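Structure 1 and structure 2, given next as structure tokens, are two forms of the same protein chain, each shown alone.
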Structure 1
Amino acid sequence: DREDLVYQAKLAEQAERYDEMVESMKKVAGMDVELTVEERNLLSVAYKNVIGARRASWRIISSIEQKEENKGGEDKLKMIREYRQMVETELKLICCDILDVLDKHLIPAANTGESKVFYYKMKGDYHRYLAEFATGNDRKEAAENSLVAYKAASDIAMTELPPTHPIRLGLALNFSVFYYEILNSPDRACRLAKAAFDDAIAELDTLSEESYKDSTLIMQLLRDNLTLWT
């Protein structure tokens, strides 16, 4: 039945029905056991697509809102703001969903360095998504929770994973985006991203047959952001 759920998740992925993909992978996470690499990646993909669609919607709607604020479009702004607020409710629910699964199921059952760093990184990510649209105290709270999670993941990563590991590099990339976009700290963002990149360059012999393309891609993404920021 675990195998049955994974197969249902893959069918949903093929069909691009990511809502159903999430439902199937939530059930697997519900079993309170260590997920395989395949299962962690399917769970990550499912939520990344479900939340990604709403974050893209929110950025579009927000750009339209900024356009009308500049034009003085008061009547449209009433509709735009209500619309944005609806999408934020969806975002909050999606984040709370995965954050509850991480807290009750995935983190407690995690028993490898890789899976622990993966789930604390995910925990940092979904608090970061909360912080993207949050205002005032809610933003401070989501940023504090994201920071704590990224620190816990970074502690385990530095002790358990080589600097070339894609989960470690992805963690560095996301944490640097966190410093830049949430904490408003380009200095800290560039330092982390450059440090992670240089540490990988120094130990390229730790690259794995399983993931070297993923590491390469992430290293390129670190370099691209650094290009943007500097």
Structure 2
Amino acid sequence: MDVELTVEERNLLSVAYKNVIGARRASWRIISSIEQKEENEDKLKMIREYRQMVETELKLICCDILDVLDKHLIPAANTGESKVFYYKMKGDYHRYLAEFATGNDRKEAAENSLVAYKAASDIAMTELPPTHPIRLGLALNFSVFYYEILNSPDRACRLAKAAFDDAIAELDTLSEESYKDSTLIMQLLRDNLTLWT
């Protein structure tokens, strides 16, 4: 029940699946904006029928991806890089589940997201340099989880600033051909900080 992916294979699969999931997420946000405006007989119904139609698909994907993470990918992870990668993916997809879940489900997902993120963190801080793109993307998505889901701008800004400063510290001792990657995630973290503040 085990599968090992090269960095390229898992990167390409991640790009494909998150392209699909981002399409669905943006569609859901737009349908929600339409619902809110019309709410403020038959149209709204259909609108809801589309929103319920979106939410389902999204779920079916996210759930189906998390299964493959749990039943297959996460157990079969040797390198710490891949471990942090798969735990961040678990946290990200639980975050997407929480983004539209209602009731205690929104609670559920949220928990399973944090437990995932923390997990990756507990590896990253002891297995990956602060300059590593996996670790920086983990910190960025984790601070996003803090700000948008758990509604904690304080912890979010703390995590973002910590990651950015540790990166910018270890930056001087870093090859250019291995720092051009970290550049973009570091700048995204900086932009997110300037916005939140």
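Along the sequence of structure 1, residues get numbers from 1 upward. Just so we're on the same page, rigid core means the largest C-alpha set that superposes within 1.5 Å between forms.
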Relative to the superposed rigid core, does residue 207 relocate between structure 1 and structure 2 - that is, does its Cα move 2 Å or more?
yes
In Å, how large is the CA movement of residue 79 between structure 1 and structure 2 relative to the superposed rigid core?
2.1
Rigid core superposed, residue 52 Cα shift between structure 1 and structure 2 in Å?
0.8
